[PDB]
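Colleague: experimental coordinates for this protein are included below, preceded by the sequence.
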2 protein chains.
Amino acid sequence: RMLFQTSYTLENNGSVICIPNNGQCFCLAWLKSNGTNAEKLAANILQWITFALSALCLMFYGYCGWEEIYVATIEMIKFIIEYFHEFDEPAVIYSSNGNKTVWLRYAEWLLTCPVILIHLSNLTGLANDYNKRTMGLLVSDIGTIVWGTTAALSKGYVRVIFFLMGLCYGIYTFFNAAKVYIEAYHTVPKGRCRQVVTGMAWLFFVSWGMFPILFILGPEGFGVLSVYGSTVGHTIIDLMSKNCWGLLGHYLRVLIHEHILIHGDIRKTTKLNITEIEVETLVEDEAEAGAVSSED
Amino acid sequence: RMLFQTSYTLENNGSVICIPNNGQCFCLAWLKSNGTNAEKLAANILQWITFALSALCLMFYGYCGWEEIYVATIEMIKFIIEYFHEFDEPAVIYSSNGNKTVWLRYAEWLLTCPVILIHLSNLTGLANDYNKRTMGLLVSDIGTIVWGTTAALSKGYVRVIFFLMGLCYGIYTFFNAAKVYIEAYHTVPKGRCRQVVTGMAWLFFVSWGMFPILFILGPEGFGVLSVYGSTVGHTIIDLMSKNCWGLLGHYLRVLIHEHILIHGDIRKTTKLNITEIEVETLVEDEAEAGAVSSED
Ligand SMILES: *[C@@H]1O[C@H](CO)[C@@H](O[C@@H]2O[C@H](CO)[C@@H](O)[C@H](O)[C@H]2NC(C)=O)[C@H](O)[C@H]1NC(C)=O
Ligand SMILES: *[C@@H]1O[C@H](CO)[C@@H](O[C@@H]2O[C@H](CO)[C@@H](O)[C@H](O)[C@H]2NC(C)=O)[C@H](O)[C@H]1NC(C)=O
Ligand SMILES: CCCCCCCC/C=C/CCCCCCCC(=O)OC[C@H](O)CO
Ligand SMILES: CCCCCCCC/C=C/CCCCCCCC(=O)OC[C@H](O)CO
Ligand SMILES: *C/C=C(C)/C=C/C=C(C)/C=C/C1=C(C)CCCC1(C)C
Ligand SMILES: *C/C=C(C)/C=C/C=C(C)/C=C/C1=C(C)CCCC1(C)C
């Protein structure tokens, strides 16, 4: 298939490589297999599943709400490019140091992850403003992706350093994401809405926590997983991080909207001691408009 | 210098290239010159100037205010990498399609540009919140950089399409940036503060507008400019977009702070008809707390 040189001869007892002078770049490292047919087959099935589910999610959202639509749109464009050019440059970058870097994946993260975090910063959909903490979440997450991409493009100690820089940015992201989910839990009404927020937190930390594990295991790290193997793992946590998380987030916004139509927007101030934070909780009746504090 | 193959022999009347089987990648396209010694010399001088000015800006900011510090820090790290590894992968990506892509530049844009726009969304430094429009500015600017980077990595019609996708994201960014500067102008006190905001708008639109022009002229476009030539142009608009803009922005925040200490925080509602928008203007005396409308 390749649009780099794939035909060569070994000469002088394997010490010389001769290639056609046809303008193409050449490197042995680029011709290593991407994995077994079973790994490839598994990857093509999960991709169709993700494309189908993203199209179902899109039509379903088509009946504010813009973050779920933007991510599902990017996911669709991603699949059409994978289907036609998955291993064509620059969906995969084949670089002079011999690396294969899945630019398609990192570009998708730069497009979708900040939007997931904007959604996280307004889980109820009622806020018209965003605090200073939202800005730190976005700046830390962009840095994480930039350091991780740089680590994947590098080798040796340069890779290790940029990976560690990504991990420090990532920890700052996780820490601040955790505070938002804690605020969200004490903001939404007392019943089912707190089940969904709890569900979204589990999906978020498990799926986002898997990305650094898949990096270390993949060709970008210790080469335990092949390229197809890494694709299979990444589409699974894509389904959790994007499709399932967005579905719950959409459901949560529907429940908040139904609550406000039936009961109106009645708030109670709750205080969170763990640091001193203030949150305006939604309640069901006017017997609550007080100043409560919940110790963690 | 290179850590790709630079030694080869032409055989069979220039129709065959033979190289050592030493594990290195090889491509003729990678060995094209980066430019003249004069272009290189010009580029090394402007880089020292930018590193020195970024260090002066850092010490000066060292006497909220975090956006100027974050950008000046990234600029410093950028210079230490340029000084030691400017043309080493992956500061430059040498890819299988023959392209040289200055990943160092695009990674810096992903780190600094969103932070410049967060600063723009709070020019006075008094806001504790950010509106919905801030989020569209950040999401549009990230997309611009992602499409532009993808265009630089591509060739032929693929490059043209991703460039046009960047231009559409970019126009949305410029349009929304223009509204913010219009709001900022009618928000800050009537004298010198409105001169600085006007100055920051000119710096912003001229320096940001030059990036797509330098893309079209550089190796990523029609190859009018060489690599050193493109570096020289980019450090100039870096000085305008980052160093000079941040300096004015810091100065503006100092003037707003002095105004509020001497006069207190007294606001007047002004309305902007061009769409109907509301802005809380800072004034000097209590004879103003009314509802004015300024027709554009
Ligand atoms: C050609 O190079 C090959 C390298 O594979 C040489 O073959 C090996 O020679 C070494 C001796 O240093 C043995 O230890 C290996 O068992 C050999 N075979 C293999 C498969 O590695 C070979 O000797 C060289 N021929 C000449 C004429 O120099
Ligand atoms: C070797 O290839 C070269 C290609 O440069 C041939 O040289 C040219 O031959 C063409 C004829 O098709 C002329 O139009 C050019 O003027 C020649 N010189 C140059 C500098 O381009 C050469 O003929 C080939 N030799 C053999 C034995 O096939
Ligand atoms: C907060 C999220 C929770 C999850 C946290 C997960 C922790 C994983 C840490 C591993 C550090 C080990 C260093 C990893 C460096 C990877 C780079 C690499 O593989 O280097 C290649 C090597 O130089 C040649 O084979
Ligand atoms: C809003 C900001 C104001 C400034 C706006 C600036 C307008 C520049 C537009 C040019 C379009 C022309 C198409 C550009 C495509 C570039 C890709 C290219 O050079 O293609 C290489 C070619 O395929 C092989 O040589
Ligand atoms: C839809 C795709 C998602 C949510 C992707 C998320 C990606 C990350 C959270 C990446 C995390 C990384 C680290 C924490 C450090 C090492 C480098 C990364 C980029 C793999
Ligand atoms: C400090 C560096 C700055 C402010 C860089 C800004 C970069 C841009 C505004 C890039 C703009 C582009 C377009 C509008 C479309 C084509 C692709 C880009 C990325 C060159």
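Modeller: Good, I have the coordinates. Numbering: from 1, shown residues only, chains lettered A, B, ... in the order given. Ligands and ions are numbered 1, 2, ... in the order given.
Colleague: can you pull out the helices in chain A?
Modeller: A:37-61, A:66-85, A:103-120, A:132-153, A:156-187, A:192-217, A:227-238, A:245-263 (DSSP state H).
Colleague: identify the residues contacting the closest residue to residue A:203 other than its chain neighbours.
Modeller: Closest residue in space to residue A:203, ignoring its immediate chain neighbours: residue A:245 at 4.9 Å, by CB to CB, 6 or more residues apart in numbering or on different chains. (Each C-beta comes from the backbone N, C-alpha and C, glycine too.) When contacts are counted by CB atoms under 8 Å, 6 or more residues apart in numbering or on different chains, residue A:245 touches A:116, A:200, A:203, A:204, A:207.
Colleague: turn these into CSV, columns for neighbour count and distance to ligand 3.
Modeller: Below are the contacts of residue A:245 laid out as CSV (neighbours: other CB atoms under 10 Å in any protein chain shown; distance: CB to the nearest ligand atom, whole Å):
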residue, neighbour count, distance to ligand 3
A:116, 23, 16
A:200, 24, 18
A:203, 19, 15
A:204, 21, 12
A:207, 18, 12
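Colleague: could you pick out which of those residues are near ligand 4?
Modeller: With the criterion set as CB under 6 Å from any ligand atom, no member of these is near ligand 4.
Colleague: could you dump these to CSV with distance to residue A:82?
Modeller: Listed next are the contacts of residue A:245 as CSV, based on distance: CB to CB, whole Å:
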residue, distance to residue A:82
A:116, 20
A:200, 27
A:203, 23
A:204, 25
A:207, 19
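Colleague: residue B:295: which of those is nearest?
Modeller: residue A:116 (41.3 Å; CB to CB).
Colleague: could you measure the closest one against residue A:74, distance?
Modeller: 11 Å (CB to CB, to the nearest Å).
Colleague: same deal with residue A:133?
Modeller: Relative to residue A:74, and taking CB to CB, residue A:133 is found at 25 Å.
Colleague: out of the two, which sits in the busier spot?
Modeller: residue A:74 (19 against 13; other CB atoms under 10 Å in any protein chain shown).
Colleague: the more buried one reaches residue A:111, doesn't it?
Modeller: Yes - between residue A:74 and residue A:111 there is a contact under CB atoms under 8 Å: 4.7 Å.
Colleague: that older thread, out of the contacts of residue A:245, who's nearest residue B:251?
Modeller: If you rank those by distance to residue B:251 using CB to CB, residue A:116 comes first, at 36.6 Å.
Colleague: for the closest one, which non-adjacent residue is spatially closest?
Modeller: residue A:71 (6.6 Å).
Colleague: that neighbour: how many residues sit nearby?
Modeller: Using other CB under 10 Å: residue A:71 sits among 25 other residues.
Colleague: and what of residue A:117?
Modeller: 20.
Colleague: and what of the one 3 residues further on?
Modeller: Applying other CB under 10 Å, we find 21 other residues in the vicinity of residue A:120.
Colleague: ok, it - contacts?
Modeller: Contacts for residue A:120 (CB under 8 Å, 6+ apart) come out as A:137, A:177, A:180, A:181, A:204.
Colleague: correct me if wrong: the third one contacts residue A:130.
Modeller: No - applying CB under 8 Å, one finds residue A:180 not in contact with residue A:130, separated by 10.8 Å.
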